[PDB]
């Protein structure tokens, strides 16, 4: 679902105008959806239609974000508190049910603690809590977010280069697709080793092939040798000769040095060909995954090809790859599911353009940089850590009905953390949404929407 059909509404807030969705019946307790960084009310576009048939749904765009006004603010968390506090009063919301995500959940939890009699329920997912150590932060994103949290490299990355929109955001949905594509690329690379010229690749295409290259360059020295290619080719069951290995390398060895460096690998992976020969490569990769040739990639078959390509996947990681690929839910992966995994990103271009639209001007990207610099990680910043600790204490002692959504591996909320909270929060039901990183609304909106609407029917609301 890529559209945003909701009539735009605006309300005057501290001398600015804030945009919000307002759908559903007018009467009854309103359900307030709060988005986080770097999204907008667009993040709820596929959740709200499950709830709007029977409830008023209000989804603001944070100040400086979405379609809301963009004043010259520092956009600290306490800036957002001011505007969200005033937004709630401006709409005259006496009682609410909160549905909150990432920085929207800090907003909602902090507001609920201070107005506990005005909150009849809280549904939350991938929410802000104190991250005790950088060890609890996904390894693959540790370096980048540490770099985000500086005024020189972080601002150049986020503000000057729009990396948080163009890179972080499409990488914050889920993870299995990176592994499918890395191994599909390596399988197509094997084939290409065994039309006319090559494309010049974008910087985004080049990095996608960087992971695939690492599978062959076992020792990481930047070149693929006779012995490295033979190791790979060995595990796959296509066992060939040192003469075969050299001739294969020689066809791609532009500089004649006997090894394949990353630029030569790129030129092979950028070869031009008709679309139908591109399709034949993907059909051939599917047949490699589909060992018994019955038309479905089983979990056991996936384990074999992943090992034969040099991965060492836990059972949880295998299950994750299947479940992300399994559109029709039969526990296996047919050719159509394979194709989508290999050739599509988590967010369509139409979906990226909606997320991009508020931030086309670099001078408008301040909240994109300030937000990761506010994240409570390893005790910094200490005021944010203190504030979040206070509402987590409130949350542990409060009888408010709570609904927790979580995925694997998560980002803010690891599965083990979700387990802890599911047991220690009072009157809390927890729902496993399946695979996901931070944007769980882009992983399983139907379950989240369905479950929120069933949960609402049990509350003391009208």
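Residue numbers count along the first chain shown, from 1.
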**OP:** Select one of none, 1 to 3, 4 to 9, or 10 or more to describe the deposited residues without coordinates separating residue 194 and residue 195.
**Re:** 4 to 9
**OP:** Would you tell me which stretch averages the higher CA B-factor in the PDB entry, 35-43 or 395-403?
**Re:** 395-403
**OP:** Could you check the entry and say whether 425-433 or 406-414 has the higher mean CA B-factor?
**Re:** 425-433
Original post:
Which listed residue, 351, 251, 135, 264, has the largest C-alpha temperature factor in the record?
Top reply: 251
Original post:
Per the coordinate record, which of the options 357, 102, 78, 326 holds the highest CA temperature factor?
Top reply: 326
**OP:** Within this chain's modelled residues, let me know which third the CA B factor of residue 116 belongs to: lowest, middle or highest.
**Re:** middle
**OP:** Quick one: classify residue 318 as lowest, middle or highest third of the chain based on its Cα B-factor.
**Re:** middle
Subject >> Third of the chain's Cα B-factor distribution that residue 302 belongs to, per the entry >> reply: highest
Subject >> Position of residue 438 among the chain's modelled residues by C-alpha B-factor, lowest, middle or highest third >> reply: lowest
**OP:** Could you tell me which third, lowest, middle or highest, the C-alpha B-factor of residue 13 occupies within its chain?
**Re:** lowest
